[PDB]
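A.B. asks: First, the structure itself, so that you have it in front of you.
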Amino acid sequence: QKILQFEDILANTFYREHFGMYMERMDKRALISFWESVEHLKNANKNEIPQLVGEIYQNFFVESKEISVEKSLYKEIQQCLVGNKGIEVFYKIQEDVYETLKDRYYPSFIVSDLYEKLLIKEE
């Protein structure tokens with residue numbers, strides 16, 4: 001009956017892993033992995049926060065482009081991502097990635113063969 005809400009899809013490890021498998025089919029699993037990394041940051045102890053923020057950059061923002069802003073301005077990027085500013089930036093990107101996952105990818109996941117596995121067959 002009632003459609004699972006995308007908020008609950010990402011809150012439940014069993015649901016979210018199935019949605020991640022669907023994103024892998026689209027070769028866009030880095031979108032949900034980045035969302036999961038920022039969310040893990042929101043619920044992490046502060047002794048791990050700066051190293052996690054650094055691993056987020058090293059896992060999702062180090063794609064080497066031909067016009068290499070990442071290499072030419074490495075120090076300059078890190079300094080404008082230093083403290084609460086960097087955490088606030090990663091939060092805003094997570095918010096934008098969330099809307100893209102919700103509006104562009106979640107509707108086709110509901111009609112995929114994976115949404116069935118999230119439904120309880122009543123006995």
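Every chain in the structure tokens has a letter given in the order shown (A, B, ...), and although residue numbers restart at 1 in each chain, ligands are simply numbered from 1 in the order shown.
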Excluding same-chain residues fewer than 6 positions from stretch 1-11 of chain A, what lies within 8 Å of it counting only C-alpha atoms, as a list in words?
C.D. replies: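 After dropping sequence-adjacent residues, the list is residues 19, 102 and 106 of chain A.
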A.B. asks: I need the residues from that last selection saved to file as a PDB file, in the first residue's frame (with C-alpha atoms), if you can.
C.D. replies:
ATOM      1  CA  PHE A  19      18.869   1.493  -2.928  1.00  0.00           C
ATOM      2  CA  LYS A 102      14.947  11.578  -4.124  1.00  0.00           C
ATOM      3  CA  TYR A 106      14.163   7.044  -6.146  1.00  0.00           C
TER       4      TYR A 106
END
A.B. asks: For stretch 109-121 of chain A, please output as a list in words all residues within 9 Å (counting only C-alpha atoms; exclusion window: fewer than 4 positions along the same chain).
C.D. replies: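 The contact residues come out as residues 3, 4, 14, 15, 18, 19, 21, 22, 23 and 105 of chain A.
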A.B. asks: In Å, with one decimal, what is the gap from atom CA of residue A:59 to atom CA of residue A:24?
C.D. replies: 16.3 Å
A.B. asks: Give me, as a count of residues only, all polymer residues having an atom no more than 10 Å from residue A:90, counting only C-alpha atoms and skipping those fewer than 3 positions away in the same chain.
C.D. replies: 18
A.B. asks: Go through chain A and collect every residue that DSSP, computed from the backbone, puts in helix (DSSP H, G or I); the answer should be as a ChimeraX atom specification.
C.D. replies: /A:6-11,13-25,29-42,49-60,69-72,74-79,84-110,115-118
A.B. asks: If I take atom CA of residue A:83 and atom CA of residue A:50, how far is one from the other in Å, to one decimal?
C.D. replies: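 Atom CA of residue A:83 sits 8.3 Å away from atom CA of residue A:50.
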A.B. asks: If I take atom CA of residue A:89 and atom CA of residue A:101, how far is one from the other in Å, to one decimal?
C.D. replies: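 Interatomic distance, atom CA of residue A:89 to atom CA of residue A:101: 18.3 Å.
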A.B. asks: Can you tell me, as a PDB file with C-alpha atoms, in the first residue's frame, what residues are no more than 12 Å from residue A:70 when counting only C-alpha atoms, ignoring any on the same chain fewer than 5 positions away?
C.D. replies:
ATOM      1  CA  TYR A  57      37.467  14.939   0.218  1.00  0.00           C
ATOM      2  CA  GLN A  58      39.910  12.136  -0.612  1.00  0.00           C
ATOM      3  CA  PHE A  60      34.685  11.873  -3.524  1.00  0.00           C
ATOM      4  CA  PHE A  61      36.385  15.151  -4.561  1.00  0.00           C
ATOM      5  CA  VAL A  62      39.770  13.930  -5.865  1.00  0.00           C
ATOM      6  CA  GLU A  63      38.531  13.057  -9.365  1.00  0.00           C
ATOM      7  CA  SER A  64      41.371  14.340 -11.542  1.00  0.00           C
ATOM      8  CA  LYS A  65      40.008  16.572 -14.308  1.00  0.00           C
ATOM      9  CA  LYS A  75      46.069  24.235  -0.551  1.00  0.00           C
ATOM     10  CA  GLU A  76      43.565  26.972  -1.403  1.00  0.00           C
ATOM     11  CA  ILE A  77      40.667  24.495  -1.500  1.00  0.00           C
ATOM     12  CA  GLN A  78      41.623  23.004   1.874  1.00  0.00           C
TER      13      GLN A  78
END
